[PDB]
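Visitor:
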Amino acid sequence: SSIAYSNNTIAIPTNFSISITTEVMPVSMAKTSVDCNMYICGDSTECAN
Amino acid sequence: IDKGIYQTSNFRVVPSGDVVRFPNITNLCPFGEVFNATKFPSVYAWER
Ligand SMILES: *[C@@H]1O[C@H](CO)[C@@H](O)[C@H](O)[C@H]1NC(C)=O
Ligand SMILES: *[C@@H]1O[C@H](CO)[C@@H](O)[C@H](O)[C@H]1NC(C)=O
Ligand SMILES: *[C@@H]1O[C@H](CO)[C@@H](O)[C@H](O)[C@H]1NC(C)=O
């Protein structure tokens, strides 16, 4: 593009347009918890020791 | 302790009983002839 720079000319709008623009944002994760003693040992009593 | 909700333990249900399953069993051994055939051999006729 080429803005025609002028020492004494100005461009002024004669008309306008309304617009609607979507903006999308994340706010939270899935709340999670882990029973580590079951995850590690699977109800092996000796692993639990 | 102050007002709130607190984590204290992981609970876990223990089993009430035990189950064993094996195949639909068949083919018994021919042992009954060795013990209770009708008149046993001599030490020379000796069934094995
Ligand atoms: C502005 O542009 C729209 C495009 O649909 C047109 O209908 C309208 O007449 C224009 N308005 C003016 C004031 O020039
Ligand atoms: C084998 O399965 C059949 C069908 O359920 C049943 O009638 C039979 O008693 C079973 N036998 C054994 C040895 O489990
Ligand atoms: C044969 O049958 C009799 C039934 O009383 C039993 O006592 C005996 O032990 C069986 N076997 C032999 C080796 O005789």
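Heads up: the sequence lines are chains Z and L, in that order.
Numbered by full-length UniProt numbering, the letters in the first sequence go through residues 685 to 733 in order.
Numbered by full-length UniProt numbering, the letters in the second sequence go through residues 295 to 342 in order.
For every residue, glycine included, the Cβ atom is placed at its ideal position computed from N, Cα and C.
Quick check: residue 719(Z) and residue 304(L), are their CB atoms within less than 9 Å of each other?
Guide: yes
Visitor: By the three-class DSSP mapping on this structure, what secondary structure does residue 695(Z) have?
Guide: coil
Visitor: Is there a Cβ of chain Z sitting closer than 9 Å to that of residue 306(L), yes or no?
Guide: yes
Visitor: Counting beta carbon pairs with one atom in the segment 726-733 of chain Z and one in the segment 696-704 of chain Z, are three or more of them shorter than 8 Å?
Guide: no
Visitor: Ignore the nearest five residues each way along the sequence and tell me which others in residue 334(L)'s own chain have a CB closer than 6 Å to its CB.
Guide: none
Visitor: Under 7 Å between beta-carbons, which chain L residues line up against residue 721(Z)? List them in chain order, please.
Guide: By Cβ distance, chain L contributes 304.
Visitor: Just how far apart, CA to CA, sit residue 731(Z) and residue 716(Z)?
Guide: So the two alpha carbons sit approximately 24 Å from each other.
Visitor: Rounded to a whole number of angstroms, what is the C-alpha to C-alpha distance between residue 687(Z) and residue 714(Z)?
Guide: 50 Å
Visitor: Can you give me the start and stop residues for the alpha helix (DSSP H) that residue 328(L) sits inside?
Guide: 326-330
Visitor: Is residue 334(L) a contact residue of ligand 3, with contact defined as CB to any heavy atom under 8 Å?
Guide: yes
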